[PDB]
Number of protein chains: 2
Amino acid sequence: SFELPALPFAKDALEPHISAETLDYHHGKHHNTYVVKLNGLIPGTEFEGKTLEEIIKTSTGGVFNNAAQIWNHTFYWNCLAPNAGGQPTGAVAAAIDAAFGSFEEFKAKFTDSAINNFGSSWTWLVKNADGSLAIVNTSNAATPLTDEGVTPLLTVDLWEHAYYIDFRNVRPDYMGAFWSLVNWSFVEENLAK
Amino acid sequence: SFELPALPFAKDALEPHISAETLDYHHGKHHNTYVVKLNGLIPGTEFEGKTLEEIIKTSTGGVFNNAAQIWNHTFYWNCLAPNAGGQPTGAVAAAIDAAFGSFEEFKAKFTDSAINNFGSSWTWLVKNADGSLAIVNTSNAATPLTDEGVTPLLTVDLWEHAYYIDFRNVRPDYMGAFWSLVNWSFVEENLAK
Ligand SMILES: [Fe+3]
Ligand SMILES: [Fe+3]
C-alpha cells in the first residue's frame, strides 16, 4: 500500500558524482526494504489507513524506524539533481546569507556538522517555527519532521551505505559530491512552506 | 599516545568470507582513525596517561566514542580467525548449552539479534557478574565493557563499513561469513576473564 517512489532523475544522472551502482543499492535495495518492512508491520494496527507522515508522527520502535526512513530517503533524492549544485540563488541565497553570513560560511558549517555526525545519521538545514534557519543533526531514523513547527529544507544521508561504494570511508569526498548535486529548486520549494 | 593494534592474522586469512580489501579499509583506515582522533582529544585532559579501558569507563562524548571504538575493534579482530568457526567445543560449548539450550539455538538468537540491531551497532555474547551468559545489543560506540562485572565474550561489528564491500546491504550474508570465522579459542579465554 506504500510505494517505493521512482527517483526524480535517471540512474546515471548524478554521474560522475554518485554512481548508477550506488543508486541501484541505495534506492533499489535499502529504500525499498523500508517500504516492504513498513507495509508488513501496519496491517491490523492503529496505523492501517494512516498516511506516511501521520505514522511517523505517532509511532515508535520498528514502525517509526521504517516509516521515517522511507520519508527521509525520498526527501534526500529530491535534494539531488543533475545540472544543479553550485551556489543558491533567489530566496534561498538571501535566507542563507541572513542566517549564516554567506553561502561559503553556511557550506563550511553544514559540512563540518556532517563529517562529524557520529554513526548512522542525517544532517539537515531546517526552517524553524519562527522563520530562522538552523543546521541540525539526527541519529539513525530520527527526523525534524517530528519537531512541531520545524520545516526540513535540505538533508544529506550519512549512513555509510550512502557513500561507501563510491567514496569508501571518506566523507569529505562524499560531501564534495553532495555540493555538486544540490537541487536548490527543491530547497527553494521547501522554503515557501 | 595509542597506536593501531596489529591485525592478528594476515590480510587474506579470512578469504573468501571477508576480503583483504575489507581488512585494508576496516583495520587500516577506520580502526586507525579512531586512534588518531583519541590521541588528538586527550592532550591536557584528565585522560592523559590513563589506560584505554579506564578512559572508556570514565569518559563521555568524543573521548568515549573513539576510545570505545578502539577497544571494540581490537576485540572484534580477536573474534575472527582462519581455520575456525563451526561449532564450539569443550568449555564454551557447555556454557552455551546451559545458557541457551544448544549451540543451534544460541546461533539463531544471536543472528536474529544482529540482523535487527538498527543502525551502526554491535551484537555481543557476554558473561554477567553472576556467571550467566546473555546476548546484548549496543548502538554506535557503546560496549558492555562499561557495565560493571560484565565480561564481553564475543562480538560482531554491524556498522555498514564492516560488511558493505563484500555483502552490500545483506547482513544475513555477512552473518554467514561471521559464523565461518568465529575464533572459539578467544571466546574460551574470555570465559575465564
Ligand atoms: Fe540511506
Ligand atoms: Fe567497524
# chains A, B, ... in the order shown; residues from 1 in each chain; ligands from 1
$ residues_around --residues "segment 91-95 of chain B" --least-positions-apart "5" --cutoff "9 Å" --atoms "only C-alpha atoms" --output "list in words"
residues 100, 102, 103, 132, 133, 184, 185, 187, 188 and 191 of chain B
$ write_last_selection --atoms "C-alpha atoms" --output "PDB file, in the first residue's frame"
ATOM      1  CA  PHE B 100      20.739 -21.266  25.520  1.00  0.00           C
ATOM      2  CA  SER B 102      22.227 -25.785  22.287  1.00  0.00           C
ATOM      3  CA  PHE B 103      24.696 -24.069  20.003  1.00  0.00           C
ATOM      4  CA  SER B 132      25.350 -16.268  33.474  1.00  0.00           C
ATOM      5  CA  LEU B 133      25.529 -15.667  29.730  1.00  0.00           C
ATOM      6  CA  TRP B 184      36.230 -20.021  19.749  1.00  0.00           C
ATOM      7  CA  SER B 185      39.778 -20.128  21.266  1.00  0.00           C
ATOM      8  CA  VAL B 187      35.851 -16.901  23.325  1.00  0.00           C
ATOM      9  CA  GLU B 188      37.159 -19.546  25.705  1.00  0.00           C
ATOM     10  CA  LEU B 191      35.128 -17.047  29.665  1.00  0.00           C
TER      11      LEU B 191
END
$ residues_near_ligand --ligand "ligand 2" --cutoff "12 Å" --atoms "only C-alpha atoms and all ligand atoms" --output "PDB file with N, CA and C atoms, in the first residue's frame"
ATOM      1  N   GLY A 119      28.078   7.889  13.637  1.00  0.00           N
ATOM      2  CA  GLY A 119      27.251   6.732  13.339  1.00  0.00           C
ATOM      3  C   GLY A 119      26.332   6.944  12.150  1.00  0.00           C
ATOM      4  N   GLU A 160      26.499   4.983   6.169  1.00  0.00           N
ATOM      5  CA  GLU A 160      27.637   4.591   5.320  1.00  0.00           C
ATOM      6  C   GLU A 160      27.230   4.024   3.967  1.00  0.00           C
ATOM      7  N   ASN A 169      35.542   5.087   3.029  1.00  0.00           N
ATOM      8  CA  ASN A 169      35.467   5.804   4.330  1.00  0.00           C
ATOM      9  C   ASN A 169      35.520   7.344   4.340  1.00  0.00           C
TER      10      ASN A 169
ATOM     11  N   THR B  22      38.495  -5.455   2.483  1.00  0.00           N
ATOM     12  CA  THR B  22      37.678  -5.017   3.629  1.00  0.00           C
ATOM     13  C   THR B  22      38.600  -4.759   4.827  1.00  0.00           C
ATOM     14  N   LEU B  23      39.521  -5.688   5.043  1.00  0.00           N
ATOM     15  CA  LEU B  23      40.517  -5.534   6.090  1.00  0.00           C
ATOM     16  C   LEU B  23      41.411  -4.299   5.913  1.00  0.00           C
ATOM     17  N   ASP B  24      41.774  -4.003   4.669  1.00  0.00           N
ATOM     18  CA  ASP B  24      42.542  -2.803   4.328  1.00  0.00           C
ATOM     19  C   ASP B  24      41.849  -1.532   4.779  1.00  0.00           C
ATOM     20  N   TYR B  25      40.531  -1.445   4.572  1.00  0.00           N
ATOM     21  CA  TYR B  25      39.756  -0.291   4.999  1.00  0.00           C
ATOM     22  C   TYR B  25      39.334  -0.333   6.445  1.00  0.00           C
ATOM     23  N   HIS B  26      38.802  -1.464   6.894  1.00  0.00           N
ATOM     24  CA  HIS B  26      38.202  -1.503   8.211  1.00  0.00           C
ATOM     25  C   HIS B  26      39.301  -1.345   9.287  1.00  0.00           C
ATOM     26  N   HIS B  27      40.406  -2.084   9.136  1.00  0.00           N
ATOM     27  CA  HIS B  27      41.547  -2.011  10.055  1.00  0.00           C
ATOM     28  C   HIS B  27      42.421  -0.817   9.699  1.00  0.00           C
ATOM     29  N   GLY B  28      42.881  -0.766   8.452  1.00  0.00           N
ATOM     30  CA  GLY B  28      43.849   0.258   8.050  1.00  0.00           C
ATOM     31  C   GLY B  28      43.358   1.687   8.146  1.00  0.00           C
ATOM     32  N   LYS B  29      42.066   1.879   7.951  1.00  0.00           N
ATOM     33  CA  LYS B  29      41.525   3.220   7.913  1.00  0.00           C
ATOM     34  C   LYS B  29      40.654   3.490   9.109  1.00  0.00           C
ATOM     35  N   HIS B  30      39.573   2.733   9.266  1.00  0.00           N
ATOM     36  CA  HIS B  30      38.591   3.047  10.294  1.00  0.00           C
ATOM     37  C   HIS B  30      39.133   2.901  11.699  1.00  0.00           C
ATOM     38  N   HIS B  31      39.661   1.725  12.040  1.00  0.00           N
ATOM     39  CA  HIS B  31      40.255   1.477  13.348  1.00  0.00           C
ATOM     40  C   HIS B  31      41.387   2.486  13.587  1.00  0.00           C
ATOM     41  N   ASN B  32      42.265   2.721  12.602  1.00  0.00           N
ATOM     42  CA  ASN B  32      43.324   3.713  12.789  1.00  0.00           C
ATOM     43  C   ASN B  32      42.766   5.097  13.042  1.00  0.00           C
ATOM     44  N   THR B  33      41.680   5.444  12.366  1.00  0.00           N
ATOM     45  CA  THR B  33      41.124   6.789  12.508  1.00  0.00           C
ATOM     46  C   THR B  33      40.642   7.049  13.927  1.00  0.00           C
ATOM     47  N   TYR B  34      40.067   6.022  14.544  1.00  0.00           N
ATOM     48  CA  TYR B  34      39.702   6.104  15.980  1.00  0.00           C
ATOM     49  C   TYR B  34      40.916   6.405  16.868  1.00  0.00           C
ATOM     50  N   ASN B  66      35.562   7.482  20.571  1.00  0.00           N
ATOM     51  CA  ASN B  66      36.786   6.992  19.941  1.00  0.00           C
ATOM     52  C   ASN B  66      37.495   5.925  20.725  1.00  0.00           C
ATOM     53  N   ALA B  68      36.219   3.854  22.941  1.00  0.00           N
ATOM     54  CA  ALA B  68      35.427   2.614  22.968  1.00  0.00           C
ATOM     55  C   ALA B  68      35.521   1.876  21.635  1.00  0.00           C
ATOM     56  N   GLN B  69      35.467   2.614  20.526  1.00  0.00           N
ATOM     57  CA  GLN B  69      35.649   2.009  19.200  1.00  0.00           C
ATOM     58  C   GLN B  69      36.997   1.377  19.015  1.00  0.00           C
ATOM     59  N   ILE B  70      38.047   1.929  19.636  1.00  0.00           N
ATOM     60  CA  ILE B  70      39.356   1.256  19.538  1.00  0.00           C
ATOM     61  C   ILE B  70      39.312  -0.138  20.144  1.00  0.00           C
ATOM     62  N   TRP B  71      38.822  -0.216  21.382  1.00  0.00           N
ATOM     63  CA  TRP B  71      38.693  -1.479  22.103  1.00  0.00           C
ATOM     64  C   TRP B  71      37.772  -2.447  21.343  1.00  0.00           C
ATOM     65  N   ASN B  72      36.580  -1.947  20.959  1.00  0.00           N
ATOM     66  CA  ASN B  72      35.576  -2.723  20.180  1.00  0.00           C
ATOM     67  C   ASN B  72      36.230  -3.364  18.970  1.00  0.00           C
ATOM     68  N   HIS B  73      37.037  -2.628  18.217  1.00  0.00           N
ATOM     69  CA  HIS B  73      37.643  -3.237  17.045  1.00  0.00           C
ATOM     70  C   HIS B  73      38.711  -4.228  17.364  1.00  0.00           C
ATOM     71  N   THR B  74      39.567  -3.906  18.341  1.00  0.00           N
ATOM     72  CA  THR B  74      40.594  -4.850  18.750  1.00  0.00           C
ATOM     73  C   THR B  74      39.972  -6.187  19.128  1.00  0.00           C
ATOM     74  N   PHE B  75      38.929  -6.112  19.938  1.00  0.00           N
ATOM     75  CA  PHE B  75      38.212  -7.288  20.394  1.00  0.00           C
ATOM     76  C   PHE B  75      37.618  -8.028  19.186  1.00  0.00           C
ATOM     77  N   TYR B  76      36.946  -7.282  18.297  1.00  0.00           N
ATOM     78  CA  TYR B  76      36.365  -7.845  17.074  1.00  0.00           C
ATOM     79  C   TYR B  76      37.383  -8.639  16.266  1.00  0.00           C
ATOM     80  N   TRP B  77      38.571  -8.104  16.016  1.00  0.00           N
ATOM     81  CA  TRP B  77      39.570  -8.884  15.221  1.00  0.00           C
ATOM     82  C   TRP B  77      39.952 -10.168  15.932  1.00  0.00           C
ATOM     83  N   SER B 120      24.155   1.683  13.142  1.00  0.00           N
ATOM     84  CA  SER B 120      25.561   1.309  13.422  1.00  0.00           C
ATOM     85  C   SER B 120      25.555   0.700  14.799  1.00  0.00           C
ATOM     86  N   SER B 121      26.084  -0.503  14.983  1.00  0.00           N
ATOM     87  CA  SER B 121      25.785  -1.191  16.229  1.00  0.00           C
ATOM     88  C   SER B 121      26.680  -2.389  16.395  1.00  0.00           C
ATOM     89  N   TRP B 122      26.595  -3.063  17.551  1.00  0.00           N
ATOM     90  CA  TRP B 122      27.417  -4.248  17.841  1.00  0.00           C
ATOM     91  C   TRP B 122      26.517  -5.294  18.473  1.00  0.00           C
ATOM     92  N   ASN B 140      26.200   2.188  18.154  1.00  0.00           N
ATOM     93  CA  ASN B 140      27.262   3.148  17.872  1.00  0.00           C
ATOM     94  C   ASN B 140      28.545   2.688  18.531  1.00  0.00           C
ATOM     95  N   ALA B 141      29.039   3.427  19.530  1.00  0.00           N
ATOM     96  CA  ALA B 141      30.303   3.054  20.206  1.00  0.00           C
ATOM     97  C   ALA B 141      30.093   2.313  21.517  1.00  0.00           C
ATOM     98  N   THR B 155      31.842 -10.748  19.874  1.00  0.00           N
ATOM     99  CA  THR B 155      31.084  -9.649  19.234  1.00  0.00           C
ATOM    100  C   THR B 155      31.063  -9.777  17.733  1.00  0.00           C
ATOM    101  N   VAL B 156      30.048  -9.167  17.118  1.00  0.00           N
ATOM    102  CA  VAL B 156      30.072  -8.891  15.660  1.00  0.00           C
ATOM    103  C   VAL B 156      29.826  -7.416  15.437  1.00  0.00           C
ATOM    104  N   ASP B 157      30.675  -6.788  14.623  1.00  0.00           N
ATOM    105  CA  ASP B 157      30.537  -5.361  14.218  1.00  0.00           C
ATOM    106  C   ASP B 157      29.489  -5.272  13.094  1.00  0.00           C
ATOM    107  N   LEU B 158      28.469  -4.446  13.324  1.00  0.00           N
ATOM    108  CA  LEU B 158      27.324  -4.288  12.408  1.00  0.00           C
ATOM    109  C   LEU B 158      27.242  -2.870  11.854  1.00  0.00           C
ATOM    110  N   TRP B 159      28.316  -2.115  12.011  1.00  0.00           N
ATOM    111  CA  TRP B 159      28.465  -0.897  11.230  1.00  0.00           C
ATOM    112  C   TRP B 159      28.542  -1.288   9.760  1.00  0.00           C
ATOM    113  N   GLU B 160      27.975  -0.491   8.843  1.00  0.00           N
ATOM    114  CA  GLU B 160      27.939  -0.915   7.421  1.00  0.00           C
ATOM    115  C   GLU B 160      29.337  -1.094   6.861  1.00  0.00           C
ATOM    116  N   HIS B 161      30.291  -0.288   7.354  1.00  0.00           N
ATOM    117  CA  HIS B 161      31.687  -0.388   6.850  1.00  0.00           C
ATOM    118  C   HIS B 161      32.245  -1.787   7.019  1.00  0.00           C
ATOM    119  N   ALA B 162      31.691  -2.520   7.963  1.00  0.00           N
ATOM    120  CA  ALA B 162      32.229  -3.847   8.271  1.00  0.00           C
ATOM    121  C   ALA B 162      31.926  -4.893   7.211  1.00  0.00           C
ATOM    122  N   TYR B 163      30.831  -4.694   6.481  1.00  0.00           N
ATOM    123  CA  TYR B 163      30.380  -5.685   5.512  1.00  0.00           C
ATOM    124  C   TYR B 163      30.036  -5.138   4.114  1.00  0.00           C
ATOM    125  N   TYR B 164      30.045  -3.813   3.914  1.00  0.00           N
ATOM    126  CA  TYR B 164      29.458  -3.242   2.707  1.00  0.00           C
ATOM    127  C   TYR B 164      30.226  -3.617   1.433  1.00  0.00           C
TER     128      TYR B 164
END
$ residues_around --residues "residue 113 of chain A" --least-positions-apart "4" --cutoff "7 Å" --atoms "only C-alpha atoms" --output "VMD selection string"
chain A and resid 109 117 123
$ select_by_dssp --residues "segment 38-182 of chain B" --states "helix (DSSP H, G or I)" --output "PyMOL selection string"
chain B and resi 38-41+52-58+61-79+90-100+103-115+144-146+160-162+164-167+171-181
$ select_by_dssp --residues "chain A" --states "strand (DSSP E)" --output "number ranges by chain"
A: 121-127, 133-139, 151-157
$ decode --residues "segment 40-84 of chain B" --atoms "N, CA and C atoms" --output "PDB file, in the first residue's frame"
ATOM      1  N   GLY B  40      44.150  12.954  19.663  1.00  0.00           N
ATOM      2  CA  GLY B  40      44.023  14.387  19.419  1.00  0.00           C
ATOM      3  C   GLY B  40      43.209  15.002  20.526  1.00  0.00           C
ATOM      4  N   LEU B  41      42.346  14.191  21.152  1.00  0.00           N
ATOM      5  CA  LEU B  41      41.430  14.699  22.170  1.00  0.00           C
ATOM      6  C   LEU B  41      42.054  14.689  23.557  1.00  0.00           C
ATOM      7  N   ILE B  42      42.941  13.758  23.820  1.00  0.00           N
ATOM      8  CA  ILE B  42      43.349  13.591  25.203  1.00  0.00           C
ATOM      9  C   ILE B  42      44.425  14.540  25.783  1.00  0.00           C
ATOM     10  N   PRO B  43      45.304  15.149  24.933  1.00  0.00           N
ATOM     11  CA  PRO B  43      46.342  16.066  25.492  1.00  0.00           C
ATOM     12  C   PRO B  43      45.766  17.100  26.427  1.00  0.00           C
ATOM     13  N   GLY B  44      46.352  17.221  27.618  1.00  0.00           N
ATOM     14  CA  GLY B  44      45.954  18.231  28.588  1.00  0.00           C
ATOM     15  C   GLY B  44      44.597  17.988  29.218  1.00  0.00           C
ATOM     16  N   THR B  45      44.131  16.740  29.187  1.00  0.00           N
ATOM     17  CA  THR B  45      42.877  16.414  29.857  1.00  0.00           C
ATOM     18  C   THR B  45      43.174  15.395  30.959  1.00  0.00           C
ATOM     19  N   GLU B  46      42.213  15.160  31.847  1.00  0.00           N
ATOM     20  CA  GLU B  46      42.356  14.060  32.826  1.00  0.00           C
ATOM     21  C   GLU B  46      42.639  12.686  32.204  1.00  0.00           C
ATOM     22  N   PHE B  47      42.427  12.545  30.890  1.00  0.00           N
ATOM     23  CA  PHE B  47      42.561  11.230  30.236  1.00  0.00           C
ATOM     24  C   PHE B  47      43.961  10.897  29.830  1.00  0.00           C
ATOM     25  N   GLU B  48      44.802  11.926  29.822  1.00  0.00           N
ATOM     26  CA  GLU B  48      46.218  11.791  29.511  1.00  0.00           C
ATOM     27  C   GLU B  48      46.841  10.872  30.543  1.00  0.00           C
ATOM     28  N   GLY B  49      47.548   9.853  30.073  1.00  0.00           N
ATOM     29  CA  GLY B  49      48.216   8.910  30.975  1.00  0.00           C
ATOM     30  C   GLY B  49      47.429   7.649  31.334  1.00  0.00           C
ATOM     31  N   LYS B  50      46.100   7.694  31.165  1.00  0.00           N
ATOM     32  CA  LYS B  50      45.165   6.600  31.513  1.00  0.00           C
ATOM     33  C   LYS B  50      45.220   5.425  30.534  1.00  0.00           C
ATOM     34  N   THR B  51      44.863   4.221  30.992  1.00  0.00           N
ATOM     35  CA  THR B  51      44.773   3.074  30.075  1.00  0.00           C
ATOM     36  C   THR B  51      43.524   3.253  29.233  1.00  0.00           C
ATOM     37  N   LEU B  52      43.478   2.542  28.119  1.00  0.00           N
ATOM     38  CA  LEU B  52      42.317   2.632  27.232  1.00  0.00           C
ATOM     39  C   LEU B  52      41.034   2.256  27.982  1.00  0.00           C
ATOM     40  N   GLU B  53      41.085   1.161  28.744  1.00  0.00           N
ATOM     41  CA  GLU B  53      39.919   0.690  29.485  1.00  0.00           C
ATOM     42  C   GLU B  53      39.449   1.694  30.556  1.00  0.00           C
ATOM     43  N   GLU B  54      40.383   2.398  31.204  1.00  0.00           N
ATOM     44  CA  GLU B  54      39.990   3.418  32.210  1.00  0.00           C
ATOM     45  C   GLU B  54      39.290   4.582  31.516  1.00  0.00           C
ATOM     46  N   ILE B  55      39.825   4.980  30.364  1.00  0.00           N
ATOM     47  CA  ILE B  55      39.235   6.077  29.593  1.00  0.00           C
ATOM     48  C   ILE B  55      37.784   5.713  29.214  1.00  0.00           C
ATOM     49  N   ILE B  56      37.624   4.536  28.615  1.00  0.00           N
ATOM     50  CA  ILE B  56      36.285   4.037  28.248  1.00  0.00           C
ATOM     51  C   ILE B  56      35.309   4.112  29.421  1.00  0.00           C
ATOM     52  N   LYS B  57      35.756   3.637  30.592  1.00  0.00           N
ATOM     53  CA  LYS B  57      34.929   3.571  31.797  1.00  0.00           C
ATOM     54  C   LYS B  57      34.664   4.937  32.443  1.00  0.00           C
ATOM     55  N   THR B  58      35.440   5.954  32.095  1.00  0.00           N
ATOM     56  CA  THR B  58      35.306   7.225  32.838  1.00  0.00           C
ATOM     57  C   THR B  58      34.959   8.433  31.945  1.00  0.00           C
ATOM     58  N   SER B  59      34.762   8.205  30.644  1.00  0.00           N
ATOM     59  CA  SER B  59      34.571   9.317  29.696  1.00  0.00           C
ATOM     60  C   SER B  59      33.179   9.359  29.069  1.00  0.00           C
ATOM     61  N   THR B  60      32.891  10.462  28.364  1.00  0.00           N
ATOM     62  CA  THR B  60      31.675  10.618  27.545  1.00  0.00           C
ATOM     63  C   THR B  60      32.012  11.341  26.237  1.00  0.00           C
ATOM     64  N   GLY B  61      31.007  11.525  25.376  1.00  0.00           N
ATOM     65  CA  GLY B  61      31.167  12.290  24.156  1.00  0.00           C
ATOM     66  C   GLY B  61      32.201  11.698  23.215  1.00  0.00           C
ATOM     67  N   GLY B  62      32.987  12.585  22.608  1.00  0.00           N
ATOM     68  CA  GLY B  62      34.021  12.191  21.639  1.00  0.00           C
ATOM     69  C   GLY B  62      35.151  11.344  22.158  1.00  0.00           C
ATOM     70  N   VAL B  63      35.547  11.573  23.402  1.00  0.00           N
ATOM     71  CA  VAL B  63      36.604  10.797  24.012  1.00  0.00           C
ATOM     72  C   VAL B  63      36.091   9.382  24.115  1.00  0.00           C
ATOM     73  N   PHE B  64      34.873   9.220  24.645  1.00  0.00           N
ATOM     74  CA  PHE B  64      34.277   7.892  24.753  1.00  0.00           C
ATOM     75  C   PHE B  64      34.151   7.222  23.398  1.00  0.00           C
ATOM     76  N   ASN B  65      33.540   7.944  22.463  1.00  0.00           N
ATOM     77  CA  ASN B  65      33.229   7.346  21.162  1.00  0.00           C
ATOM     78  C   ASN B  65      34.461   6.742  20.560  1.00  0.00           C
ATOM     79  N   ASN B  66      35.562   7.482  20.571  1.00  0.00           N
ATOM     80  CA  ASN B  66      36.786   6.992  19.941  1.00  0.00           C
ATOM     81  C   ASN B  66      37.495   5.925  20.725  1.00  0.00           C
ATOM     82  N   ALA B  67      37.604   6.110  22.038  1.00  0.00           N
ATOM     83  CA  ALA B  67      38.296   5.107  22.868  1.00  0.00           C
ATOM     84  C   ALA B  67      37.541   3.808  22.796  1.00  0.00           C
ATOM     85  N   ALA B  68      36.219   3.854  22.941  1.00  0.00           N
ATOM     86  CA  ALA B  68      35.427   2.614  22.968  1.00  0.00           C
ATOM     87  C   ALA B  68      35.521   1.876  21.635  1.00  0.00           C
ATOM     88  N   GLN B  69      35.467   2.614  20.526  1.00  0.00           N
ATOM     89  CA  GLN B  69      35.649   2.009  19.200  1.00  0.00           C
ATOM     90  C   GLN B  69      36.997   1.377  19.015  1.00  0.00           C
ATOM     91  N   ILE B  70      38.047   1.929  19.636  1.00  0.00           N
ATOM     92  CA  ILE B  70      39.356   1.256  19.538  1.00  0.00           C
ATOM     93  C   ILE B  70      39.312  -0.138  20.144  1.00  0.00           C
ATOM     94  N   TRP B  71      38.822  -0.216  21.382  1.00  0.00           N
ATOM     95  CA  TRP B  71      38.693  -1.479  22.103  1.00  0.00           C
ATOM     96  C   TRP B  71      37.772  -2.447  21.343  1.00  0.00           C
ATOM     97  N   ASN B  72      36.580  -1.947  20.959  1.00  0.00           N
ATOM     98  CA  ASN B  72      35.576  -2.723  20.180  1.00  0.00           C
ATOM     99  C   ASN B  72      36.230  -3.364  18.970  1.00  0.00           C
ATOM    100  N   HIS B  73      37.037  -2.628  18.217  1.00  0.00           N
ATOM    101  CA  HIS B  73      37.643  -3.237  17.045  1.00  0.00           C
ATOM    102  C   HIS B  73      38.711  -4.228  17.364  1.00  0.00           C
ATOM    103  N   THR B  74      39.567  -3.906  18.341  1.00  0.00           N
ATOM    104  CA  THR B  74      40.594  -4.850  18.750  1.00  0.00           C
ATOM    105  C   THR B  74      39.972  -6.187  19.128  1.00  0.00           C
ATOM    106  N   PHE B  75      38.929  -6.112  19.938  1.00  0.00           N
ATOM    107  CA  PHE B  75      38.212  -7.288  20.394  1.00  0.00           C
ATOM    108  C   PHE B  75      37.618  -8.028  19.186  1.00  0.00           C
ATOM    109  N   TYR B  76      36.946  -7.282  18.297  1.00  0.00           N
ATOM    110  CA  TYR B  76      36.365  -7.845  17.074  1.00  0.00           C
ATOM    111  C   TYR B  76      37.383  -8.639  16.266  1.00  0.00           C
ATOM    112  N   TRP B  77      38.571  -8.104  16.016  1.00  0.00           N
ATOM    113  CA  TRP B  77      39.570  -8.884  15.221  1.00  0.00           C
ATOM    114  C   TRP B  77      39.952 -10.168  15.932  1.00  0.00           C
ATOM    115  N   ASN B  78      40.152 -10.083  17.231  1.00  0.00           N
ATOM    116  CA  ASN B  78      40.406 -11.309  18.024  1.00  0.00           C
ATOM    117  C   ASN B  78      39.270 -12.338  17.944  1.00  0.00           C
ATOM    118  N   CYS B  79      38.067 -11.907  17.552  1.00  0.00           N
ATOM    119  CA  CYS B  79      36.942 -12.847  17.452  1.00  0.00           C
ATOM    120  C   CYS B  79      36.933 -13.646  16.148  1.00  0.00           C
ATOM    121  N   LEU B  80      37.736 -13.191  15.180  1.00  0.00           N
ATOM    122  CA  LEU B  80      37.876 -13.814  13.881  1.00  0.00           C
ATOM    123  C   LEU B  80      39.198 -14.574  13.746  1.00  0.00           C
ATOM    124  N   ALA B  81      39.181 -15.616  12.916  1.00  0.00           N
ATOM    125  CA  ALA B  81      40.383 -16.413  12.670  1.00  0.00           C
ATOM    126  C   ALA B  81      40.176 -17.297  11.450  1.00  0.00           C
ATOM    127  N   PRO B  82      41.279 -17.579  10.715  1.00  0.00           N
ATOM    128  CA  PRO B  82      41.339 -18.635   9.695  1.00  0.00           C
ATOM    129  C   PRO B  82      41.209 -19.999  10.371  1.00  0.00           C
ATOM    130  N   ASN B  83      40.734 -21.002   9.638  1.00  0.00           N
ATOM    131  CA  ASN B  83      40.557 -22.345  10.185  1.00  0.00           C
ATOM    132  C   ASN B  83      39.788 -22.412  11.524  1.00  0.00           C
ATOM    133  N   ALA B  84      38.752 -21.588  11.665  1.00  0.00           N
ATOM    134  CA  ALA B  84      37.981 -21.621  12.889  1.00  0.00           C
ATOM    135  C   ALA B  84      36.491 -21.791  12.578  1.00  0.00           C
TER     136      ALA B  84
END
